[PDB]
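Notes follow the structure.
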Amino acid sequence: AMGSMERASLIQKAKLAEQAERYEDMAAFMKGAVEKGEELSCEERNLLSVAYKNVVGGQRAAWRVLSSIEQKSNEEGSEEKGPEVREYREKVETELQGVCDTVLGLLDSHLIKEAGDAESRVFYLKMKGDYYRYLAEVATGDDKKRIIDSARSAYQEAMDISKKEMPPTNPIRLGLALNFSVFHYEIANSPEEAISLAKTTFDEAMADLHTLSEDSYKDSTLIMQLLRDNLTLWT
Amino acid sequence: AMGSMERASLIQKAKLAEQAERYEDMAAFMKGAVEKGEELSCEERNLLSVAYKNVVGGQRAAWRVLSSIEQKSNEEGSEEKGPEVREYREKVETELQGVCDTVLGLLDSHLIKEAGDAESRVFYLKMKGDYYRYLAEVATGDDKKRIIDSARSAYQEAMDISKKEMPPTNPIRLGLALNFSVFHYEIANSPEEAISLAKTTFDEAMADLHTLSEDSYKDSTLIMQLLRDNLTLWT
Amino acid sequence: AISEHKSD
Amino acid sequence: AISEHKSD
Ligand SMILES: [Cl-]
Ligand SMILES: [Cl-]
Ligand SMILES: [Mg+2]
Ligand SMILES: [Mg+2]
Ligand SMILES: [Mg+2]
Ligand SMILES: [Mg+2]
């Protein structure tokens, strides 16, 4: 994608697109950068993640609005009004699935296989879990179970590496645990597993904060607060 | 556009897209509705306007961010870093110009010529002024003057009809005067004309508020407050 | 300025 | 719930 643009120019333009809040452009620039075939630095991995999180986030928010309207239309006493709500929800759903499939394709061709360091491998396997989780949010057919299992398997492999290779305050390790706990709660119907994971992760991070500089302490405690926010909603 | 979709389904889906904050889709649905060739009702005119205002609004905000970065790069002491800022600003600019050209095309083929009532004709001529004004904001070549004149001419024709055919509190009349005053201030370098127009419009509306119901009074005073906000910034 | 600055 | 609910 963007095959005639230099890799450095694609990265530079992704940063400009981020400043301009042009996330579809940012994602396209980063997709082009990945397709150059070189590994991504930590900053470049963050740009890839920010770009697609914002694109899929808009699609998810729209899908939730449309799904709610569609569910209300299927209640007792609701007037017919036709196929339009379902059609338009399906359109948005298909577009969201396409974005997820594109991110999963980048991870599979060939980000994950070329990621040897723990920081890069865990980042990409967390992303794989996240985008299968977004596919799961809208899945209703005979592959929902396989989609859920793919998300679980990616998060589990990421968690196994993170626990062996990263300290408990590492922001990627923390964000992974946060998102896997949300997977348990919202996708896997395992609220107790979600609560246990969030609590253990929070407590183990708290016990390690003494090792950190002021800036690393700020980074870790910001994510810890998100675990606490979920625990307060769930308990 | 969307030639196989029923007009009513396009309108219904534009309203769903608005609820989902999917403004590019909303604009495409409304473009398809216009291209059916029937006149638009007042509600449908508002949907067309909301959809394209939000699309172009995002593009304008991005263009302003990129133009500011580009201007800083051209100051004394700024390091080179290459063609990327200009290229990306040009990309966004071209996309914004394309959206303006699409709206102007709908007005010219054939919304304006089929609009005989004052409410519809003034609405469309105001839109024509607005989208030439957005073209003017980014124009720098040998047609800037002709673009500015096209915006002026459309606003002037709208104003002449509005003053003859609508009361001074009419929300479309008020929004037209507000936007023509912004044209004077920001595009035409005529801050005194902008201030005079905003003041006269505000005062003439205030004098007519006694004729209105509670709901029409709320509608008119909301727009009057925008005139006052500009006057406080300009004086 | 607001259009409908504040603009409309 | 927040992902990175609150999510990451
Ligand atoms: Cl549709
Ligand atoms: Cl570009
Ligand atoms: Mg090269
Ligand atoms: Mg490697
Ligand atoms: Mg028909
Ligand atoms: Mg007519």
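Throughout, read-outs are computed from the coordinates displayed, never taken from laboratory work. Methodologically, a virtual Cβ is constructed for each residue, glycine included, from the backbone with ideal geometry; neighbour enumeration extends over all protein chains shown.
Observations
- Listed residues A:67, A:220, A:150, most fluctuating in chain A (Gaussian network, C-alpha, under 10 Å): A:67
- The residues packed around residue A:124, meaning those with a beta-carbon under 13 Å from its beta-carbon, carry a net charge of -3 if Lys and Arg are +1 and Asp and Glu are -1.
- Peptide B:178-186, shielding by other chains (average Cβ, 10 Å cutoff): 4
- Taking other residues whose beta carbon is less than 12 angstrom from the beta carbon of residue B:204, and scoring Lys, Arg as +1 and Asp, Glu as -1, yields +1.
- Placing unit charges on the Cβ atoms only, positive for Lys and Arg and negative for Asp and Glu, gives segment B:85-158 a dipole magnitude near 200 debye about its Cα centre.
- Charge context of residue A:51, other residues only, Cβ under 9 angstrom, K/R +1, D/E -1: -1
- Given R0 = 25 Å, the distance between the Cβ atoms of residue B:74 and residue A:19 translates into a calculated FRET efficiency of 0.90.
- Counting, for every residue in B:82-92, the Cβ atoms of other protein chains within 10 Å of its Cβ and taking the mean gives 4.
- FRET E, pair residue A:43, residue A:233, Förster distance 25 Å, beta-carbon r, rounded to 0.05: 0.20
- Each of B:76, A:84, B:39 was scored by other Cβ atoms within 10 Å of its Cβ. Listed from fewest to most, they are B:76, B:39, A:84.
- In terms of overall dimensions, the C-alpha atoms belonging to segment A:139-235 reach 49, 29, 17 Å along their principal axes, ordered largest to smallest.
- Within a Gaussian network of chain B (alpha carbon springs, distance under 10 Å), most fluctuating of B:156, B:97, B:19: B:19
- Neighbour counts of other Cβ atoms within 10 Å put A:216, C:7, A:4 in the fewest-to-most order A:4, A:216, C:7.
- When you filter the chymotrypsin sites (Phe, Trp or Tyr not before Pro) in segment B:178-235 for DSSP loop state and at most 15 other Cβ atoms inside 10 Å of their Cβ, nothing is left.
- Kirkwood's formula applied to the C-alpha pairs of segment A:121-189 gives a hydrodynamic radius of 11.9 angstrom.
- Inter-chain Cβ neighbour average for residues B:112-125, partner chain, 10 Å: 0
- Note on segment A:1-52: percent of Cα-Cα distances in each 5 Å bin, starting at 0 and stopping at the bin with the largest distance, equals 5, 26, 37, 24, 7, 1.
- For segment B:91-158: Kirkwood Rh in Å [reciprocal of mean 1/r, alpha carbons]: 12.2 Å
- Relative to its Kirkwood radius, the Cα radius of gyration of chain A gives an Rg/Rh of 1.00.
- Rg/Rh ratio calculated on Cα atoms of the protein assembly as shown (Kirkwood radius): 1.03
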